[PDB]
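Chain by chain, the residues run as shown.
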Amino acid sequence: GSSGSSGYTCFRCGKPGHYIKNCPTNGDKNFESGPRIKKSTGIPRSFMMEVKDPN
Ligand SMILES: [Zn+2]
């Protein structure tokens, strides 16, 4: 879980607006997973990298 961009997000399905306790998927057998089917393209860190070098 990340802390900053957004206060918090449903740790159940991974969708904002509601909490794991108020998550809809709860009352469902077949639901989607995470944000999308795609997890990553092929990079370690694109933005997560905040490292800076003056030289
Ligand atoms: Zn949810």
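Sequence positions in this view are assigned from 1 along each chain in the order the sequence is written. Entry numbering can differ, and residues without coordinates are absent from the display. Hydrogen atoms and water are omitted, and side-chain values are computed over all heavy atoms in the structure.

Its PDB header names solution NMR as the technique used to obtain the model.

### Focus: the coordination of the zinc ion
Distances from the zinc ion to its protein donors, namely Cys 10 (SG), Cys 13 (SG), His 18 (NE2) and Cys 23 (SG), fall within the range 2.1 to 2.4 Å. With four donor atoms in place around the zinc ion and angles of 96 to 119 degrees between them, the coordination shape is tetrahedral. Here a donor is an N, O or S atom found within 2.8 Å of the metal, or within 3.2 Å if the metal is Na, K or Ca; sites may look incomplete because water is not among the atoms. Mapping the donors of the zinc ion onto the primary sequence yields the spacing C-x2-C-x4-H-x4-C. Assessed through its relative accessible area of 2%, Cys 10 is described here as buried. Tetrahedral means four donors with every angle between 85 and 135 degrees, whereas square planar (four donors) and octahedral (six donors) require angles over 155 degrees between opposite donors and between 65 and 115 for all others; sites fitting neither are termed irregular. Note on classification: 1.4 Å probe, protein chains only; a residue is buried when its accessible area is under 20% of the maximum for its type, exposed when over 50%, partly exposed between these limits.

### Focus: the layout of surface pockets
Picture a little ball the size of a water molecule; that probe, rolled over the atoms, points out where space is still empty. Site definitions follow a grid-based scheme: protein atoms alone, a 1 Å grid, a 1.4 Å probe that fits but cannot get out for cavities, and for pockets an open set with protein on both sides within 12 Å along at least five of seven lines, plus lining residues having an atom within 4 Å of a point. Grid points are joined across faces, edges and corners, and a volume is the space filled by probe spheres set on the points. Looking at the largest pocket, its volume works out to about 270 Å³. Around the largest pocket, the lining residues are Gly 1, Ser 2, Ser 3, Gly 4, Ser 5, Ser 6, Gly 7, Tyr 8, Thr 9, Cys 10, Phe 11 and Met 48.

### Side note on a nonpolar patch on the surface
Residues qualify for a patch when their relative accessible area is over 30% and they have no salt bridge, like charges being joined within 9 Å and the nonpolar side chains of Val, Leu, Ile, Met, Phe, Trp and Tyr within 5 Å. Method for areas: the Shrake-Rupley scheme with a 1.4 Å probe, in which residue coverage is limited to the protein chains shown. In what follows, salt bridge is the name for a side-chain nitrogen of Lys or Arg lying within 4 Å of a carboxyl oxygen of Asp or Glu. A contiguous nonpolar patch, built from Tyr 8, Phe 11, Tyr 19 and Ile 20 and spanning about 480 Å² of accessible area, is present on the exposed surface. Look at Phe 11 and you get exposed, because its relative accessible area is 73%.

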